[PDB]
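S.K.:
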Amino acid sequence: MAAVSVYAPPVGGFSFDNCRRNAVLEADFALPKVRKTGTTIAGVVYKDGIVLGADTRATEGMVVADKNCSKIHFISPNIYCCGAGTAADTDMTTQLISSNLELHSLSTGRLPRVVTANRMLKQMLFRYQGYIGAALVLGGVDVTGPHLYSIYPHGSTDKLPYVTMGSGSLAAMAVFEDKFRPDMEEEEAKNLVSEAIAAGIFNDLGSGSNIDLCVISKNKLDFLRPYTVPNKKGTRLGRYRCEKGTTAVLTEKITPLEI
Amino acid sequence: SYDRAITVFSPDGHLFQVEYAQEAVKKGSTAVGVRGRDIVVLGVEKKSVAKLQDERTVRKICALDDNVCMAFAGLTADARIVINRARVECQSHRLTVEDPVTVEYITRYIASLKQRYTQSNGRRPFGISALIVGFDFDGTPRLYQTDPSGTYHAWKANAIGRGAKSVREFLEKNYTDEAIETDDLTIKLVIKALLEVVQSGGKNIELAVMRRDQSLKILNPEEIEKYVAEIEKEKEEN
Amino acid sequence: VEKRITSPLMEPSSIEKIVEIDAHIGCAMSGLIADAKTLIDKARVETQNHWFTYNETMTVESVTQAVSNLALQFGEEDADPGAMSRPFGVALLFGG
Amino acid sequence: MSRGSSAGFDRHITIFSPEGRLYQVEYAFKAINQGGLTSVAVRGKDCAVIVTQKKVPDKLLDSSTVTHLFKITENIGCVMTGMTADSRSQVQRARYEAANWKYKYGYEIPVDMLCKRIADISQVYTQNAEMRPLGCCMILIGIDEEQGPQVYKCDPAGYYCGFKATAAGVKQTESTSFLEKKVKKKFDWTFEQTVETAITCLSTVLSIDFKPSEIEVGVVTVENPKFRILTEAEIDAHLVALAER
Amino acid sequence: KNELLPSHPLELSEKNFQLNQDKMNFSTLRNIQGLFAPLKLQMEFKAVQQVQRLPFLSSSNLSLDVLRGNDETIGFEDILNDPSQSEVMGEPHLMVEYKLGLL
Amino acid sequence: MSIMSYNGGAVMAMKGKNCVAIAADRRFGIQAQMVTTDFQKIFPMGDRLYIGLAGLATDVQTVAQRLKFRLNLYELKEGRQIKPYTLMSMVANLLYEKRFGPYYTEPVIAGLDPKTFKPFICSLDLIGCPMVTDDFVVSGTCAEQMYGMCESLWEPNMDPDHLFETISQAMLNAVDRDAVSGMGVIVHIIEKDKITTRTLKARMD
Amino acid sequence: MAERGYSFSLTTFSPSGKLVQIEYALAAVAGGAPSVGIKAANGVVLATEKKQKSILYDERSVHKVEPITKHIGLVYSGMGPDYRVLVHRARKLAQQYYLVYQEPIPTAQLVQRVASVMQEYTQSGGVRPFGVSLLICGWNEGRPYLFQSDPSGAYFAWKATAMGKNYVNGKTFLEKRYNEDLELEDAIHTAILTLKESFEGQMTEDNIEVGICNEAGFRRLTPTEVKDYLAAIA
Amino acid sequence: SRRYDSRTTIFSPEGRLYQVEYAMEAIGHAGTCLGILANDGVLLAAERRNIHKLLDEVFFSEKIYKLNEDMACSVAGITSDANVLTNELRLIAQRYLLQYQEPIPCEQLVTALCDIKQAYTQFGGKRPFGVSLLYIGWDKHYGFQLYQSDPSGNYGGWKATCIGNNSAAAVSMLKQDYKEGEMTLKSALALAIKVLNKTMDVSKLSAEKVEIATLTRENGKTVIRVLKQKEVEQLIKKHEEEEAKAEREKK
Amino acid sequence: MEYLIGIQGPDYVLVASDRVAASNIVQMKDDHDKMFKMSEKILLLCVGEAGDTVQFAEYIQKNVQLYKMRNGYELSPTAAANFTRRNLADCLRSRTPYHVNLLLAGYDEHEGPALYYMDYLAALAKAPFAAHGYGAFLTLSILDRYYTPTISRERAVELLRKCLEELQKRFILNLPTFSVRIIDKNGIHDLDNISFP
Amino acid sequence: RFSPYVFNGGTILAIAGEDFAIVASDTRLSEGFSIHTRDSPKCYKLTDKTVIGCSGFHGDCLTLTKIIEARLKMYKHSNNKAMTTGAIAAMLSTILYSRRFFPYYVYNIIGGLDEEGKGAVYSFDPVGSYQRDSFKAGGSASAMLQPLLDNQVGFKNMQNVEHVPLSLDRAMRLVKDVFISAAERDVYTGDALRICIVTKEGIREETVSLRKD
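Chains as they are written, first to last, in our numbering: chain W, 8 to 266; chain G, 38 to 275; chain B, 2 to 97; chain V, 166 to 410; chain D, 47 to 149; chain L, 18 to 222; chain P, 19 to 252; chain C, 693 to 943; chain S, 34 to 230; chain A, 214 to 426.
Written out as C-alpha cells, the structure reads:
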C-alpha cells in the first residue's frame, strides 16, 4: 500500500499534475514531437450515400513514421469518421464517441443518427477548448439520409456536400471544386474521392503512401483499405544480407521456455 | 437506552459505553509493568499456550520507538491500530521537532486518539488499555497507563486486564526502592507478579526488558524459565 | 482541589487538576478529565492567539467566554468537522 | 434515512418482506388510486388519444387551471393520475429530461426513452431509504418517426412498458378489460374511432354520460405530430356523435 | 502553497468537470424551473452519496450515475485512470476520519 | 535541447519468421556525461513479450513500473497471459492518462502471441499512439539512422539467427552515428521454443 | 427465535450468522417469472417467459432478454427496474473494458464486475439488495459461457439452470434432460420444454422470449423463429 | 441478548461486540478450509462445497485465490465479501511491489487486510466482512508461513489450522497428528487428506469435493499449483489403503 | 557545488562528501555533514537546493525508521533506493519538485554492498562507483582509470584520496575537509576525515 | 493591462509629546497629474486616544480604515473595553501582513496616548512591520519632512544645544512649517492641513490652509 499521509480518495480523470516538469525542463534548455499524420482526408455526398477517403502516411516531424495507417475510424455500422491532426487525439476521440454511440444505440434499440455523433464530438471538443487536435470528417447514412460534417478541433462543425481536412486538404478541395457534380453515382463519387486523395498525396509532403476509401450507403458498408497503391518502394539492387558470424557478441544467455 | 449510545449521558452522569469498553479491556489478558532505576520492564500473561501457533505473530509487547515501549490488554485489532498510529506520530514528532519522542507526548497522543474515538456515537471507543513505558530524553524512566475513556496516569507499577486488581495489590505490597535499584530485582518482581496472576506461568510468561539507552528486547523462554527457577528457589529457601 | 489517588503506586503528580492557562490565569477542573484537557488546550491556544494579535494579556473573562463558546457546540456547531456531539462533562474554575 | 429506517416490513421502502415484496411501492399504487380520477389512452394507426375525467370541485375554482394533461415537449404529451403535486414534479422532470436529450443528442427524445429515464429515476426512489416513490402515474403519447403512434405508461415501481390501450386510476381494471375487448375486435382505428373508443370506455367504466366540461381530451396524430388539446366544443361534438350512434 | 496555482489552464477546468457540470445543471434548472429543482437534486445526490463503501474501498455510485444521467455516458474520466487501481491508498481509519471532517 | 536527448536512448524491434527480435542501447548519462553502461531499457512483460522504452530515464522507469503494476493486476484478474495487442492498448491508455503532461518515452513492444505464437511488433508515441507494422519499429534519439539501416537491411521471413545478425548490425551502425546513444547493445531474440539474450561489442566512445 | 430486529436490518447479522434481507431478496427472485439457461456445446440459450397480463401489451416496447454487447446477453428473474439498471451498468462496464483494452470483454469479467456492484449495494446500510438474479450468457475464445449472479453477489458458472417460480423443478428437469455434448437448436427445445413445465397455459410466440448466443454473437430470436421452434417441439 | 447487537458498534455490558461473533458464526456455517505448514512447503486443502452436477468450473481455482507470485489464499465465508477482499489483497500487494519493487511479505498483506476489516467493524453503518481467509506464502524474512484472518480483524501465524465447518475437530486432529519440524509436504498432504476425510462425514473424498493447492520453492521461484484431480484421487487411495491396513493390523 | 563520492568494493561501499555549506561567497559552515543515516546499514548522501535536501532526506529517513518499527526488519538497500526514487519522482511531477541529488549506499547480508546513483529527475542507476557535483567531472576519470572490481579497502581509500587531491588541484571551490564513512557487514563505520590544510 | 494600485499622493506626519500626540496630514487627493479633490484628510480618528493616518492608494486606505473600525467594534464587544494604542498597532500589523502577497499600498502612522498618558507614535510599512518612535513622517514628502524633524525634535547634529522638552505650541508651529515647505517643494501636498491633537481631554481638529498648485 501507500506510505503515510494519504487522505483524499483517488480522483478519477485526467492527470495534469505533470506540467511543472515540462516547464523546468524547458527552462533548463529550450519538447519532443508527436505524430501529426500529415493527413489528407476528404468525403463527398453522392446520390445513395457517403464516400470517405484518406491517405495511409503518418509523419513524426519530417520523417515518415508509419507507411500504412488507417485514418478512417469506425463510429457505428452506418457512421464512419476520418481523422486528421494529432494521431492519438483523433484515435481516442473517435473510440470514445463510438463507445458512447454504441451505448446510445443499445439503449434506444435503433440505428444511431449522424447528428448525435456530430453533437457529441463538437461538444467534447469545445469543452476541451481545442487542446485536443482532432480535424475530423464525419459521414454516415441514418434514417434521415446521408450526412457529411467537418468538425474542427475547436468545436466548430459544418454540413457540406464535400469537405476536406488536413495539410493536403487544399489540393483535394481544388479537385472537388473542379470535378464535383450534385447527385453523383457510386463509381463517380469513388473516382472523385480517389483523385482528390491522390492529388493531396502527390502535392503535399505530409501526405503519401496508399489511398483509403469507405463507401457508406443505406444498403451496404464498403470499407476499402487498400483501394489504391499509387506509390511503392523500388526494387533493391544490391544484397546486404548479413551472414551468420558477421556480428561479434560478448555474452550468451540461452533461456529455454516451457511449452 | 442510556447504555446503548456513547454520546447519551445516563441520569447519574455516566457514559456507560466507555465503561463497557473498560469491561472489554478487563476481559483481556493480564499485562504488568514496573518502573526501576534505569530499567523499565514489561510482562504479559499469555491466555493459553496454543500449540501449532507462531508466538511471534501474537506478541502483546511492541516498540513504538527506539526509546518507547507499549503493552496492551483488550481487543487485539484495536491495539494494532493504536500501535500503528502511535508509531506514525512518533516518527512525525521526530521529524517536526527533531527531538526524541517523550513518553508523555506519545501517551498524550494515544489518549487523545482514544478520546476522539469516544466523541461520536458513530465511532465506537477503542477497547484497549495501554501501558506505555520508556525513557525520556534525559533518560528518566517513565511508566504510564491509558484507558479507553482517554485518561492517562503515571504509575510506579501497574497491572491491566483480567486479575488486574490482585496483581496491583501484589505490586503495592512488594514495591521497594531496593527492588527498583537492581534490574534483576525488578525482573524478578514482574515474574512473581505474573506467576501470581497465572499459576502455571513458565511458557505463558511474555516478558520484555528495556534498559537505559538500549532498544527493547524480549527475553527468550530460556531466560524466563531461569528467572522462574530463581523465584522458586527463593521461595523454597523460606 | 483534592487528588483522588486510587493506589499509592500511581504518581500523585500525574493527577493534575489545577493547570496553567497563562502566566496570570489558572484553572481547576472537576468532572471528565479528557474534556477538561480539550478545554484547557482551547483556552491556552486562545490566550496565545490574543497575545500574538494584540500584544497584550487576555482578560480572564475573555478566556472564559471563549472556552464557553467552545463548550456549547452540541448539535449546533453546523460544521463538517467532528464537533462536540455530547455536552462537555467537566466544570472549570478559571481563577486568574 | 436521516430520521431513521422504520421497523416493520411495510413501514419502510428498502427492507423486504418475507416473500420479498416491497409494500411501499404497492402503497404508492394505492395512492395513485387515491388520486380519484381515471385516465384512458388508446393507440391507433393514425393518432394517439388520452382521455381523463375533469372534476372541478368548487364553482370558485377556475376550471382553466384544473387540468391533468401536460405537454413534455412540442410533440409529446402526458396525462397524470395520482397526487397532483407528485404528478407536477414528474412532469417537470420529464420536461427537463426531454430538453436535455434534445440539447445533447441533436434530435427529439423518443417516448420510450423518456419513460425509460422516468422509470430509472423511480427505481432510484424505490431503492434508497431517504426518498419515497411518487404517488402518481405517467402516460406518455407521441408519434415516432418510424414506429408511428406510441403510448407508454410509466409507474412508481419503475415499469416503463408500452401499450396499445392504456388505463390508469380508480377503474384501471375495468377500463383495461374494456380496452382488451375492443382490441380483440380489430377495427380500422381511425382518429375519431380512437377518440370514441376512449370516451365510451371511460363512460362505461364510470357509468356516466359525460358533458363537454367533465372530460379533457388530448390528441396527437401522424399528420399533425404536435400535441393538441381538444377544445371543449370539439369534445362536445365528439360526445354528440357518440350519442347519435 | 504553489500547488494552489494550476499547472495548466485546462487543469483547473477538467479537475472539477463533474462539479462544474452539476453547477451548470443547477443554474439552468434554477433559471428555468426554480429553486425547487436544484434543492431536490442536491438532496437526492446527498442521500445517494451518503450510502456507499468506506473511503479506502472504491464505490460504484450507481444510483448517483443514474440520477446524474451518466449511467449510459462514458468519458475520458471513466476510462483513462481507474479509481479502483488507485496505486496509492492510505490508512483505512485515517481516510475515514478525513472524510468525517476530523482531519 | 530536446528532452529525449537529455538521457539519450535507442530501442529497436524487428520481426522475422515465427520469431521477433528487440534490441536497445545500454548507456545512461546526464546530457553529455556518462554514468553507467548497464542501464536496462527492455523489460519483460510476459514469457514471449518484451517492451523497450527509450527517452527520459526516470520516465522510462516510472512507465515500466506502472505498466508492470497494471499487467500483474490484469493477469491476476483474468488468469491468462496478456496478448500483445492488449499490452499495446494498456500502454496507450497509460500514456494518454498523462496526455497534457506526457511521459517522455516512446515504448516499442515486441513479442509472440501466447496462443498462436504469431510475431507482433508495435511502437507508441509520446501520448500513446498505436502503430503496428510488420517490418520493424524504432524509437530513440537516432530514429533516422535506425530507419535507414532497417529499410536497407530488413528482409521478409528472416531466419532467427540471421534476424539477430540483421537487427544487431542495424542497431550498431545506428548508435555508432549517435553521440548520446551507444556504449553497448543488448539484443533479445524471442522464439516459441526459447529466448536468446545477447550483448554485442560496440564502440565505447 | 423470532429474530425480528435482525430480519429488519440488512447490516445486522442474525445470531446464527445469516443475512436475512439477502434471503428475502432471494425469495423475491424465486417469486419472479421463470427463466431457463442451457449451455450447449455449439452455444448457449437464454429462454424466459414474459407473462403478459392483457393482449394490449406492445411486445417491442420492453424485452426481458437484453444484449449487453455484440456477444454477451442476459436474462433475469425478479424485479424489472432493477434488471434495467443492472443492464445499463453492465453495458457501461463492457464499453469501458473495450475502451481500455480494445478487446471484447470476457463474460467472466463482466459477471465479476456486476457481482461487485451487487455486493456494494448489499454491504452498505441504507439501501436494499437488488431483488433480481441475472443469467448472463456469452461466447469468448471459442467457448460458450453461462453465469448466474445472485443478489448477494455470488456468481456461479452453470451448464444448465433455471430460476424464478418452480426453479427447483426446472433444475431437476434440466438434470434429467441436459446432455454433455448437446448442441444448439436442441438446447433451445430443452429450454422450451422446461418453460412448458413452468408455464401455466399455452405458450405462444409472444408469451415467451428466447435469446441465443453462438460464435456469431448474441441474438434475440424473433417471434417468428420462436413460433417455428414451438411448432417443431409440439 | 436482542440488544447491543444492532449498530455493530455497541459494547455489551461485559464488553462484547455481538455482531463480530455473529460474523464468526457465519464463518462457521461456511465450508471446511484447511491449511498445513511443512518445511518443504505449505499447502491449502479446501472443501469445494458446491458439488451440483450441472454446476460448471470454468476457473482453475474454485475457492483458492492467488494473491501474487509469492502468495495464495483460501476463503471460508460470504462469497462476494471474499471476492472484494481478494481484490483488495491483490491491490495492496501490487501497490507494495510498485513502491518498493520487491514482493510484499505475507505478514504485511495480512495486516493490511485485517486493518481494513477492523476499520469496517469500528465505524457504524457498515456490515462487518463475514469472511475468514487462510494465507500461504513465502518471503525472504521468515520463509514459508501460514496465516489465518478473522472477521474481527485479528490474524495469527499457525503451523496447521482449519477454518469453517468442523473447525474444532480439525484443529484437534492436527494437534494430535502434527510433528513440529519433521512435517514434510507429502506427510502434510496425507494429514490433510485424513483430516478432510474425517471432518466431511458425507462420504469418502472423491477428489471433486476437495481442492488442494501446494506452495513450494523451485529454483528460487515460488511455485503455486493446484493439485490435479488424479493426484487428489491417488492421495485419497493411499489414505484409504493406510486406514485399511491399520484396521487389519488391529484385528 | 557540493561534492559526493562513492566507491563500492567486494564487501563494502566507501562514501565521502565535502563539509562545506556556503551561502553567496562565504562558507557559513565548514563541518556540515551531508550523510543521512537511513538505517543501521544504509546511508543517503543528499545534495541539492537549500531546503529541499534536508526536508527530503529527513522525510525518507523517518519513513525508513517507520518501516523498521512496524515490521521489525530494515529495508533492503535496493528497496530503500526504489522507495526514494518513487517518492522523488512523485514530488518532481507534482507542484513541489525536490531538486536534490542523491547517492544511496548500503550493505545487504544477501545482496552485499550496493551503491545507487540518483539525479534530481529521480533516475535510479546502480553503479560500482559514482559522484555528484562539479567535481564529479574531474574525479570520474580517475575512478575509471584506477578502479578495480576487487579493490581493497585501503586501496579504495587511496583512490578517494587521489580524487580529493585532484579536486584541490583543479576545482575552483575550496573543499579542505571531507567526511568519509564506510559500510561493512558489521555496520556503518566512521573513518578519519580527509583534510587538506 | 490592469494595475490594481495607483498613487493618490498624500503626506502624513505624527509627533509624540508628554501629554499630546499630534497627527497631521494634508487634504490633497491627486491621481496622475490631476487633482481628484481638495478636501480629503488622511487622518481618521479610531478611539478617543488614537488617530491613524493613511497615505497611498485611496481604495486600500478606505478599506483598511473600515476594517480597523470593524475590528475595534469587535474587540469592544468581546473584551468589553476599548483597544489600547499598542493593541491597535499590533492588530494593524497583523492585518497588514495578512494580505502579504497582495500588499496594501498604504503608509500607516498611528498616533495617540498610551495607558500612561504619554504620546505614542507607531510607524508602519505596507508589509506590516512597525515600531514605536517619537516622531515620524509618511507619504510622498516623508523624505522631505523627516530631516527637519530629526534636526529640531531629535536635536541631531546640534552641538552644544539645550534639549528642551517638546511643548505643544512648538510642535504645532513645527508641523505648520514642515507642511508649508512640503507644499512648496512637493506637488502632492497643499490645499489644507488637518491637524488632530490627541490629548487627555479629547481630540482637537485644526485646519490650516496651504498654497494651491
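Even for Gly, the Cβ is constructed at its ideal location relative to N, Cα and C.
Applying a beta-carbon distance threshold of less than 9 Å, which residues of chain D neighbour C/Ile808?
M.R.: Simply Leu100, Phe102, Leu103 and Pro138.
S.K.: Please return the same chain residues whose Cβ sits closer than 8 Å to the Cβ of B/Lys4, not counting the five positions on each side in sequence.
M.R.: Within the same chain, B/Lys4 has close Cβ partners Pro13, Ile16 and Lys18.
S.K.: Go ahead and label L/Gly96 buried or exposed: buried means 16 or more other beta carbons lie within 10 angstroms of its beta carbon, across all protein chains shown.
M.R.: It is exposed - the Cβ of L/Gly96 has fewer than 16 other Cβ atoms within 10 Å.
S.K.: Using 8 Å as the limit for Cβ to Cβ distance, is W/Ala178 near chain S?
M.R.: No, W/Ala178 lies away from the interface with chain S (no Cβ there is under 8 Å from its Cβ).
S.K.: Can you find a CB in chain D that lies within less than 8 Å of the CB of W/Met172?
M.R.: With 8 Å as the cut-off, W/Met172 does not count as an interface residue toward chain D.
S.K.: If I measure Cβ to Cβ from V/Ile286 and keep anything under 8 Å in the same chain, skipping five residues before and after, which residues do I get?
M.R.: Correct list, in chain order: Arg258.
S.K.: With C-beta atoms as the reference, is V/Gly300 less than 8 Å away from V/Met248?
M.R.: It is a contact, given that the beta carbons lie within the stated cut-off.
S.K.: Skipping 5 residues on each side, what residues in its chain have a beta carbon closer than 6 Å to that of G/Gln54?
M.R.: Hits under 6 Å: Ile43.
S.K.: Does W/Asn238 have its Cβ less than 8 Å from a Cβ in chain V?
M.R.: Chain V, which has no Cβ nearer than 8 Å to the Cβ of W/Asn238, makes this no.
S.K.: Does the Cβ of C/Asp773 have 16 or more other Cβ atoms within 10 Å, making it buried, or fewer, making it exposed?
M.R.: Buried: at least 16 other Cβ atoms inside 10 Å.
S.K.: Quick check: the Cα distance between V/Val382 and V/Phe375, rounded to an integer number of angstroms?
M.R.: Approximately 12 Å, taken between the alpha carbons.
S.K.: Please list, in chain order, the chain P residues whose beta carbon lies closer than 7 Å to that of W/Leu113.
M.R.: The contacting residues are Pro85 and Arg109.
S.K.: Can you tell me the Cα-Cα spacing of A/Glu418 and A/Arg407, whole angstroms?
M.R.: Roughly 7 Å between the two C-alpha positions.
S.K.: What is the C-beta distance between W/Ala49 and W/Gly60, in whole angstroms, given that I count them as a contact (C-beta under 8 Å)?
M.R.: Contact holds; Cβ gap of about 5 Å.
S.K.: List the whole-angstrom C-beta distance separating L/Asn35 from L/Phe134, where the pair is believed to meet the contact cut-off of C-beta under 8 Å.
M.R.: Rounded, the Cβ-Cβ distance is 7 Å, consistent with contact.
S.K.: Do you know offhand how far A/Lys425's Cα is from A/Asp404's?
M.R.: If you take the alpha carbons of A/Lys425 and A/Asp404, they lie about 5 Å apart.
S.K.: State the Cα-Cα distance for the pair G/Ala116 and G/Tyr154, rounded to the nearest angstrom.
M.R.: Taking the straight line joining both Cα atoms gives about 14 Å.
S.K.: Count the other CB atoms within 10 Å of the CB of W/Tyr14; is the residue buried (16 or more) or exposed (fewer)?
M.R.: Exposed: under 16 other Cβ atoms inside 10 Å.
S.K.: At a CB-CB cut-off below 9 Å, which residues of chain G make contact with B/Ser15?
M.R.: Chain G residues near B/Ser15: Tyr181, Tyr189, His190, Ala191 and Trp192.
S.K.: Shorter than 8 Å from the beta carbon of B/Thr60 to some beta carbon of chain A?
M.R.: So, interface residue.
S.K.: Measure from the alpha carbon of V/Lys267 to the alpha carbon of each residue in W/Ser106, W/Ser105 and W/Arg126, then state which is nearest.
M.R.: When only C-alpha atoms are compared, the closest one is W/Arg126.
S.K.: Tell me whether L/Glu92 counts as near the ligand GTP, meaning its Cβ is closer than 7 Å to at least one heavy atom of that ligand.
M.R.: Ligands in the displayed structure: none, and consequently the ligand GTP is not present.
S.K.: Any C-beta of chain P within less than 9 Å: which residues of the stretch 286-310 of chain V qualify?
M.R.: Those residues of the stretch 286-310 of chain V that come within reach of chain P (Cβ to Cβ, closer than 9 Å) are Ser287, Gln288, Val289, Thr291, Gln292, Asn293, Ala294 and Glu295.
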